[PDB]
Each structure stands twice: as C-alpha cells, then as structure tokens.
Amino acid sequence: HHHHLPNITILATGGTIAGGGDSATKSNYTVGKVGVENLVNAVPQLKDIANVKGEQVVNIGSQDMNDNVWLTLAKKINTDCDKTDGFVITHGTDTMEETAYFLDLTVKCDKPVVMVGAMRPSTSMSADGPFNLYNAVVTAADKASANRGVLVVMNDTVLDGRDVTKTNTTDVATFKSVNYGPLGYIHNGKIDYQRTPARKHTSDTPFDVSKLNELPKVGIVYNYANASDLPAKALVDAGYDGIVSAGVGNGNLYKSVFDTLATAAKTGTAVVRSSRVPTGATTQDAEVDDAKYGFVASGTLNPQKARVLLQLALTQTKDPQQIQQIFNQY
C-alpha cells in the first residue's frame, strides 16, 4: 500500500491574499493583482498535504463582489463536485462572510468547501496569506470537515459560513463566529472539531441556483439618530424585491424609516429587520409587532447575511410568514 494525497481545487477570486504593494513595510497596495499560481508557489509545503489544482475564476477585490460571481461559484462547485475531493476559494476578506453564507445555502456538493483570505497583502512582511492557504487546504483535505456546511478558515480556526464575520478592520485575527463560536482549531495540520452548525445548510436547503441568471434585488438601509428615509424610499421607488434594515439595538427603526418600510411591506416588498449591533439576535416579540406590519426578524443574521438569505428566500416565496420560517430554519 502507497499513501495517496487528496485532490483539492483552488478557485481563486482575488482579494488582499492576491494583493501587492511596492514595499514590504508600507501599507499601500492594490488588490486582486497576483494570480493563483503565484499563491500556490508561495506555499511550497502544500505538496506534503494535497494535489492542488488552481483555477482563476475572477481577480477582484471582494468590495466589488456581486451576485454574478456568487452564481458562477455555486454552479462551478456543484458541476465540478465529482472531479475533486475538496475546494478552497481564495477571496477578499471584506465580503467573505457574505459569499460564505451564500455558498452555505446553495452548494449541493458533499465535499468540503473552504474559503480563505489574508488581511495583509502577499508582498507584506509577515504576510498571513501563505499559512492561511496551507490551513485552508488542510481543512478541505480532512474527511472530518465534511457535512459541516461551507467553512471559512482564518487564523488557525475553522469557522462556519453562517456565523462567521469580520470583526476588525486590520487585525489578522479578525474573523470570529461571534454568537456561537468556531467549529474547530488547527494545530500542526490537524483539526479537533468540537462543533457543527445546527441550521440547515447545503444539500438540506431548498435553494437551487443551477438555473438562475440573477438574484432578487435586496438592499440595506442603516438606522441612527435623525435617520433619513431617503435611502429606503429610493429602494422602494426602484421596485426592490426586499429591503433589510440595519436597526438600532434590537432591530429598531427610526420612525420615518419605519413608516416607509411598513408601506412597502403591504405592497409586497419583503422587509427584514436586522441590527447594526455586531452581536446578538434581532428577536421577535420586542418593540416591533412584526405580525402586524408583515416584517421578518433576522435573528442572529447581521444585515449583509440577512440580505443573502432574503434574496434566496425570494426565489421560493414572497409570503412574510414563509420567509420568517426560512429565517428560523437556515
């Protein structure tokens, strides 16, 4: 008997992991500049753990991530599932938490899908990207990683795609699953998993994007003192399918915003209450009678995460109570 290593496919999309600047010790850089081959060759130990094939899907900053790249990724992974043993997606950190949840809801492939990025560009002193990439490959190669949904691997930690969020603007340790914690930690190329997400993911969801050319239009409005209703009116005037509110506190709304959203809701615009507050649920049965206004409470989904689920909910139903049930199950 001979040892054979798993086959792992790297789908590259850009990010600071592929960023470069002209100095190792200045901060300035350009994103999504370096190709997948360069990233792979910067981690010569990858041969110890996997047979790696790299594909460049796009090369962008994830600040410019969009619905089309999401559809491209989901369809590619679902199509290519039988060709490989696992996937790593290199991506910008800014919207990784959004792409990861989208994929968590739409990947039907039963093989690990692991997202990874870097907070320092590839050119920087002590760049984090090479070890992050190694650890993402370790996770994608570990049989125990299966059936846990779509994962994010950053800073030696395996995080579920639903709860994971970027907590700090600059810190290499930025990614945390702030409400329910990580799934496992990586030490010396091994993972000790102690958790798995309960919410339904991947092959257990009804969302099937195989034939979609686009996704429903869902925007986000922010609340604060003296908030303008103009953003909300703009989305309503454009015929948006859904609006997510980044509420204050427990999903609360400035009154003018509340008035515009209540009206939209009774015309069939889906309205989800989420929170600008970085941890905790936007609950039912607090200060807003959701049943009365036809609103949906986001639970622990932050506004950008709630957008992901709402867009997908709107491919199935426009009924607020059915949308609320979706927000209680996925």
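Sequential numbering from 1, following the sequence displayed.
Taking only CA atoms, the mean B-factor in the PDB entry is higher for 79-87 than for the other of 79-87 and 150-158. Mean CA temperature factor is higher for 223-231 when stretches 223-231 and 93-101 are set side by side in the entry. Of the residues listed, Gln284, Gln304, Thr300, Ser62, the entry assigns the biggest Cα temperature factor to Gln284. Annotation for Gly19: CA B-factor lies in the middle third of the chain's modelled residues. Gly35 sits in the middle third of its chain by CA B factor, as recorded in the PDB entry.
Placement of the Cα temperature factor of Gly242 within the chain: middle third of the modelled residues, per the deposited record. In the PDB entry, a CA B factor belonging to the middle third of its chain's modelled residues is recorded for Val271. Among the modelled residues of the chain, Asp142 sits in the middle third by CA temperature factor in this PDB entry.
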